[PDB]
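To start, the structure under review is shown below, and the notes come after it.
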Amino acid sequence: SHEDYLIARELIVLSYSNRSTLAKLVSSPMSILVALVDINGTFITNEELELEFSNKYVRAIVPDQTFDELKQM
Amino acid sequence: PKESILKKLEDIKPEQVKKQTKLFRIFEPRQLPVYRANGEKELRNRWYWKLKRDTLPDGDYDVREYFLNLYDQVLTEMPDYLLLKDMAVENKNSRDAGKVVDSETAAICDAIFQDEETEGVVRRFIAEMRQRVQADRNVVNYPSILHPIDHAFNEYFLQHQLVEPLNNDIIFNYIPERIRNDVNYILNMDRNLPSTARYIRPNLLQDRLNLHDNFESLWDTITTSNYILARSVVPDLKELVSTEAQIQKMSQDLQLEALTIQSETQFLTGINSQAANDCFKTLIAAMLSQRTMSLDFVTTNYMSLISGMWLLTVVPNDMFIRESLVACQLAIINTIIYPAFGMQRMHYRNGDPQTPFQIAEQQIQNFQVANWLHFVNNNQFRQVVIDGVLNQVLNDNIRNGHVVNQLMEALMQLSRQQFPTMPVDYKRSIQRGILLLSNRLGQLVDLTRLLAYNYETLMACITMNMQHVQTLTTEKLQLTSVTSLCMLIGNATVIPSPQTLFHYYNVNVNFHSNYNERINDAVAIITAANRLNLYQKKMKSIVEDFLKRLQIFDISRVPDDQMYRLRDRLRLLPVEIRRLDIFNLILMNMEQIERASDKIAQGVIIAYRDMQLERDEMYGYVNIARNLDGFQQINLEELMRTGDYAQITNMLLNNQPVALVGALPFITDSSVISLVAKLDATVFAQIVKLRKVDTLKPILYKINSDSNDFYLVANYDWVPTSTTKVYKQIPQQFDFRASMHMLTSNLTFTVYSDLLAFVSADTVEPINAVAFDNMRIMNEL
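Here it is as structure tokens:
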């Protein structure tokens with residue numbers, strides 16, 4: 219796909235020089251992004267592979283300073 | 107598809123509280139000259155009331171459309187509260203450095219103070235007009251300068267502004283009585299609220315439309331919406347017994363061939379969790395939404411037939427759909443019950459008025475099973491109104507689960523029988539299948555009590571009355587999801603958190619409030635259209651707006667017939683007080699607004715008689731008339747519906763006196779030479795040739811010293827006489843003092859929209875959680 223091409227062209231040309239501070243970089247914001255996605259429907263666990271889904275809705279009460287963190291990143 | 111509906115529901119923001127920054131105005135003062143009688147002009151000028159935004163169309167139908175649009179505008183401005191200090195401004199000429207309510211009021215006061223041509227009394231009055239306060243009452247009194255219609259609207263918005271004093275008691279009283287009186291919950295708050303505070307109450311008036319009366323396609327959507335919402339608040343079954351530590355107990359009870367686990371000898375099919383929670387959720391959400399649920403089972407699986415008993419007992423039968431439970435009852439009777447007494451198999455008929463349990467209750471002679479089936483057949487809901495809302499309630503024996511004891515009585519009897527007609531393996535299979543339920547007895551009792559408790563607890567958080575009506579579409583319920591629930595359950599109580607309850611209650615409140623509010627909107631516009639005689643208006647797009655503002659329907663695929671029936675129902679609803687009063691302030695002043703607006707005229711008189719002109723003073727001499735008496739009148743909108751230019755043509759060819767009625771443009775002519783030449787009589791010949799009456803523009807003969815031929819009047823002793831006067835009123839004269847009013851308001855209150863955020867709520871430890879009977883639930887072991 220196109221976005222795949224962008225990612226690949228943007229890493230292949232930069233991974234030729236940077237080899238110590240790249241995967242640490244792009245893989246870091248993800249820990250915050252997961253804290254921004256509202257739940258509409260869920261999966262549950264009971265015993266090691268049990269599931270029991272829930273139609274529970276849950277919002278995402280994210281504070282403001284983590285946006286500043288993400289922006290710095 | 108499913109998740110989307112809840113996304114739509116939970117994105118219903120409440121009705122945003124309104125607060126205006128200025129005052130409703132239609133009129134404004136304006137300096138015109140004044141022409142002393144005989145026509146000539148004073149050095150002095152004078153103020154008059156004129157209209158802001160003269161935009162009135164031609165023709166009467168179009169004018170009534172204009173006033174309907176004005177009614178919509180005034181409704182959209184129609185606020186919920188206001189604090190006059192927030193719009194107040196200084197007066198640049200006040201003795202006491204006072205204030206006045208509006209910026210435009212101040213502009214008026216500061217323009218009249220400057221004019222040469224104002225008495226000293228008005229300047230004194232302007233120096234002495236100021237604000238006042240009385241803080242013991244939190245009240246303020248500001249001056250204002252307002253046309254009477256404008257004062258009427260503003261004063262109505264003052265006296266009829268919707269707020270209510272907020273306190274710490276109303277917060278509690280906003281919660282249902284059941285939650286407050288349910289000992290499993292503990293409530294508090296960390297704030298005291300002053301008497302300076304306020305709050306607005308929702309409109310929770312029940313369905314004025316009876317959508318459960320032959321709007322089944324809409325009721326299906328409503329009930330589905332409430333079902334899926336209720337699924338989001340039923341608790342998950344946090345703790346169960348494991349799914350493999352059960353199946354080995356079942357297998358040894360059944361003494362099955364090894365590695366039949368992957369074949370699942372029909373007793374053992376669909377035992378998993380992900381179904382027990384599904385059934386627990388489906389049953390409750392369906393009973394809450396009152397949505398019918400159909401059963402998809404198999405007859406090879408006898409545990410499904412056995413676990414259908416608990417279901418058909420704890421749940422009413424009018425709650426299901428008929429053919430499904432007919433199949434299930436038939437199966438139960440044919441392979442668990444009648445073979446246990448040597449009865450014939452059965453002979454059931456497809457289209458039979460009676461269900462198998464009815465026709466079985468009378469045949470067999472055993473007390474236990476007979477009375478169990480009696481309970482099943484005559485189990486049904488109990489309607490009861492509580493906290494205003496109708497509710498479908500259970501028996502009070504299902505709740506404190508003892509029905510299961512009658513069930514055990516029947517099942518134990520059937521264990522004790524023999525199956526003479528049938529072999530030994532069959533009896534063995536059935537009796538083991540029901541021992542697996544006998545061994546779960548106490549857990550079944552606990553389950554029944556837990557469902558009943560959670561059901562009533564969530565019923566508490568309902569605002570719209572809950573009717574018991576079958577529906578087009580159903581909700582499937584596989585009986586393996588019952589067998590699982592009846593077999594995977596134990597020592598694990600689940601109480602809905604208070605926050606889920608408050609969420610569900612506020613959601614339902616907001617939906618109900620939106621519903622009532624939009625109903626009132628549509629009813630207002632419909633009633634207004636009917637009272638303004640708007641007959642060309644097709645009342646569909648209004649109902650489209652009504653359904654769009656209800657964010658669950660698809661108007662793209664709903665027809666016109668439902669809309670018109672819905673309209674027919676909406677016709678018969680009373681308009682709320684606000685909208686009705688605002689409309690009756692327009693019906694009594696729409697004409698007085700229409701007498702103004704020097705772009706149209708209310709008619710033209712044609713009287714072939716050298717009549718006199720009138721000594722007005724904003725004009726000089728004019729061909730104006732203000733009564734329309736004497737001559738007979740002809741309405742033009744009648745003439746433009748049914749083109750019959752026979753009457754009027756007869757009357758024009760024969761020079762007969764007449765009046766023509768309807769909003770007509772006009773054009774001023776300040777030439778005296780156009781008066782003696784009699785040009786105004788030249789306009790009505792285009793009505794006989796091209797029979798249209800649209801390009802009809804009578805003349806107004808305003809004469810004065812500013813006319814360049816006025817000298818004749820002042821040299822020759824002739825009052826301006828003329829023909830074909832015009833039917834029109836004069837502007838009103840601006841009296842500063844009489845135009846002044848004092849507007850009252852409250853001083854510095856604070857409006858709190860959300861109402862439960864101040865409430866903090868907690869649950870007792872669910873081991874020691876209790877039902878209505880002051881007796882613990884989940885206690886059997």
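In order, the protein sequence lines correspond to chains P and A.
With the entry's author numbering applied, the first sequence corresponds to residues 219 to 291, in that order.
With the entry's author numbering applied, the second sequence corresponds to residues 107 to 887, in that order.
We put the CB at the ideal spot given by N, CA and C, even for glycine.
- Query: If you count every other CB in all the chains shown that lies within 10 Å of the CB of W824(A), and 16 or more means buried, which is it?
  - Reply: Counted from its first residue, the second sequence places residue 824(A) at position 718. Exposed.
- Query: Could you give the uninterrupted runs of the alpha helix (DSSP H) lying entirely in the segment 444 to 493 of chain A, keeping only those of 4 residues or more?
  - Reply: 462 to 467, 473 to 484
- Item | DSSP-derived helix/strand/coil call for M881(A) | Translated into positions along the second sequence, residue 881(A) becomes position 775. Residue state, collapsed to three classes: coil.
- Use the C-beta contact count for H618(A): other C-beta atoms within 10 angstroms, 16 or more gives buried, fewer gives exposed. Taking the first residue of the second sequence as 1, we reach residue 618(A) at position 512. Buried is the call here.
- Message: Using DSSP's beta-bridge definition, name the partner residues of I809(A).
- Response: Start at 1 with the first residue of the second sequence, and residue 809(A) comes out as number 703. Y727(A), per the DSSP bridge assignment.
- Cutoff 9 Å: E109(A) Cβ touching any chain P Cβ: As a working mapping, residue 109(A) is identified with position 3 in the second sequence. At least one chain P Cβ lies under 9 Å of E109(A).
- Give the range of the beta strand (DSSP E) segment to which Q584(A) is assigned. Here the question's residue 584(A) lines up with position 478 in the second sequence. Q584(A) -> beta strand (DSSP E) spans 581 to 584.
- Cut-off 6 Å between Cβ atoms - residues of its own chain near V420(A), not counting five sequence neighbours on either side: As a first step, residue 420(A) is located in the second sequence; it is residue number 314 there, counting from the start. Result list for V420(A): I504, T554, in chain order.
- Along the segment 254 to 278 of chain P, what residues have a CB closer than 8 Å to any CB found in chain A? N258, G259, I262, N264, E265, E268, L269, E270, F271, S272, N273, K274, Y275
- Task: Take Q718(A) and list the residues in its own chain whose beta-carbon comes closer than 7 Å to its own, dropping the five residues that flank it on each side.
- Result: Stepping through the second sequence from its first residue, residue 718(A) is reached at position 612. Same-chain partners within the cutoff: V825, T827.
- Task: Please compile the residues from chain P whose C-beta is within a distance smaller than 9 Å of the C-beta of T349(A).
- Result: Against the second sequence, residue 349(A) aligns to sequence position 243. Going along chain P in sequence order, the residues near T349(A) (Cβ under 9 Å) are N264, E265, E268.
- Message: Could you compute how far the alpha carbon of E234(A) sits from the alpha carbon of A217(A)?
- Response: One-based indexing of the second sequence puts residue 234(A) at position 128. One-based indexing of the second sequence puts residue 217(A) at position 111. Approximately 16 Å, taken between the alpha carbons.
- Item | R170(A) burial status per 10 Å Cβ neighbour count (16 or more: buried) | By one-based count along the second sequence, residue 170(A) stands at place 64. Counting Cβ neighbours within 10 Å, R170(A) comes out buried, since at least 16 surround it.
- Is DSSP giving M193(A) helix, strand or coil here? Indexing the second sequence from 1 puts residue 193(A) at position 87. Three-state result, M193(A): coil.
- Nearest to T589(A) by alpha carbon, out of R637(A), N756(A), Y751(A), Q372(A)? Position 483 of the second sequence holds residue 589(A). If we check each option's Cα against that of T589(A), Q372(A) comes out closest.
- Item | Top-ranked residue by Cα proximity to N626(A), from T830(A), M645(A), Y670(A), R684(A) | Here residue 626(A) is taken as the residue at index 520 of the second sequence, counted from 1. That would be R684(A), whose Cα lies nearest to the Cα of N626(A).
- Query: Are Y611(A) and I658(A) close, meaning C-beta to C-beta below 9 Å?
  - Reply: Here the question's residue 611(A) lines up with position 505 in the second sequence. Here the question's residue 658(A) lines up with position 552 in the second sequence. Cβ atoms of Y611(A) and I658(A): not closer than 9 Å.
- Query: Under three-state DSSP, which class holds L766(A)?
  - Reply: The residue labelled residue 766(A) in the question sits at position 660 within the second sequence. Residue state, collapsed to three classes: strand.
- Query: Taking Cβ-Cβ distances shorter than 7 Å, what residues in chain P pair up with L346(A)?
  - Reply: Numbered from its first residue, the second sequence carries residue 346(A) at position 240. What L346(A) touches in chain P: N264.
- Message: On the CB-based measure, 16 or more other CB atoms within 10 Å of its CB, does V207(A) come out buried or exposed?
- Response: On the second sequence, position 101 is the one that residue 207(A) refers to. Under this definition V207(A) is a buried residue.
- Assign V613(A) to one of two classes, buried (16 or more other C-beta atoms within 10 Å of its C-beta) or exposed (fewer than that). Here residue 613(A) corresponds to residue number 507 of the second sequence, with the count starting at 1. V613(A) should be labelled buried.
- Query: Among residues of its own chain, excluding the 5 on either side of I255(A), which ones have a beta-carbon nearer than 7 Å to its beta-carbon?
  - Reply: Counted from its first residue, the second sequence places residue 255(A) at position 149. Cβ neighbours of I255(A) beyond the five flanking positions: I132, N695.
- Give a yes or no on whether the C-beta atoms belonging to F840(A) and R152(A) are separated by under 9 Å. Here residue 840(A) refers to the residue found at position 734 of the second sequence. Here residue 152(A) refers to the residue found at position 46 of the second sequence. In this structure, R152(A) lies closer than 9 Å to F840(A) by Cβ.
- For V509(A), decide whether its Cβ has a neighbour in chain P, counting only Cβ atoms nearer than 9 Å. Taking the second sequence and counting its residues from 1, one reaches residue 509(A) at position 403. No, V509(A) does not count as interfacial toward chain P.
- Message: Using a Cβ-Cβ distance cut-off of 9 Å, determine whether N175(A) contacts chain P.
- Response: Taking the second sequence and counting its residues from 1, the one referred to as residue 175(A) is at position 69. For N175(A), the answer is no, since every Cβ of chain P falls outside 9 Å of its Cβ.
- Could you name the residues of chain P that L343(A) contacts, counting a contact when the two beta carbons are closer than 8 Å? Taking the second sequence and counting its residues from 1, one reaches residue 343(A) at position 237. What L343(A) touches in chain P: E270.
- Item | Beta bridge counterpart(s) of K205(A) as assigned by DSSP | Numbered from 1 along the second sequence, position 99 holds the residue referred to as residue 205(A). BP columns for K205(A) point to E196(A).
- Message: Is there a C-beta anywhere in chain P that falls below 9 Å from the one on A635(A)?
- Response: Against the second sequence, residue 635(A) aligns to sequence position 529. For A635(A), the answer is no, since every Cβ of chain P falls outside 9 Å of its Cβ.
- Looking at C-alpha atoms only, which residue of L861(A), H609(A), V832(A) is the closest neighbour of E116(A)? For this step, residue 116(A) is matched to residue 10 along the second sequence. Selected option, being the one with the closest Cα: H609(A).
- Task: Measure the beta-carbon distance from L594(A) to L346(A) and round it to whole angstroms, keeping in mind my assumption that it falls under 8 Å.
- Result: One-based indexing of the second sequence puts residue 594(A) at position 488. One-based indexing of the second sequence puts residue 346(A) at position 240. So it is a contact: roughly 5 Å between Cβ atoms.
- Query: For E467(A), does the count of other Cβ atoms within 10 angstroms reach 16, so buried, or fall short, so exposed?
  - Reply: Within the second sequence, numbered from 1, the residue matching residue 467(A) stands at position 361. Burial call: buried.
- Message: Can you check which of these residues, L129(A), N298(A), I306(A), is closest to residue 907(A) by C-alpha distance?
- Response: Summary: the structure shown does not reach residue 907(A), with chain A confined to residues 107 through 887, and so no result is reported for it.
- Using the DSSP secondary-structure output, state which residues sit across from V857(A) in a beta bridge. Position 751 of the second sequence, counting from 1, holds the residue named residue 857(A). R304(A), per the DSSP bridge assignment.
- Query: Which residues of chain P have a Cβ atom closer than 7 Å to the Cβ of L553(A), listed in chain order?
  - Reply: By one-based count along the second sequence, residue 553(A) stands at place 447. In chain order: nothing, as chain P lies at least about 16 Å away.
- Query: What residues of chain P sit near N383(A), judged by a beta carbon separation below 7 Å?
  - Reply: Residue numbering aside, residue 383(A) sits at position 277 when the second sequence is read from its first letter. By Cβ distance, chain P contributes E270.
- Message: Using C-beta distances below 7 Å, list every residue in its chain close to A566(A), excluding the 5 sequence neighbours before and after it, in chain order.
- Response: By 1-based counting over the second sequence, the position of residue 566(A) is 460. Around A566(A): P282, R284, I285.
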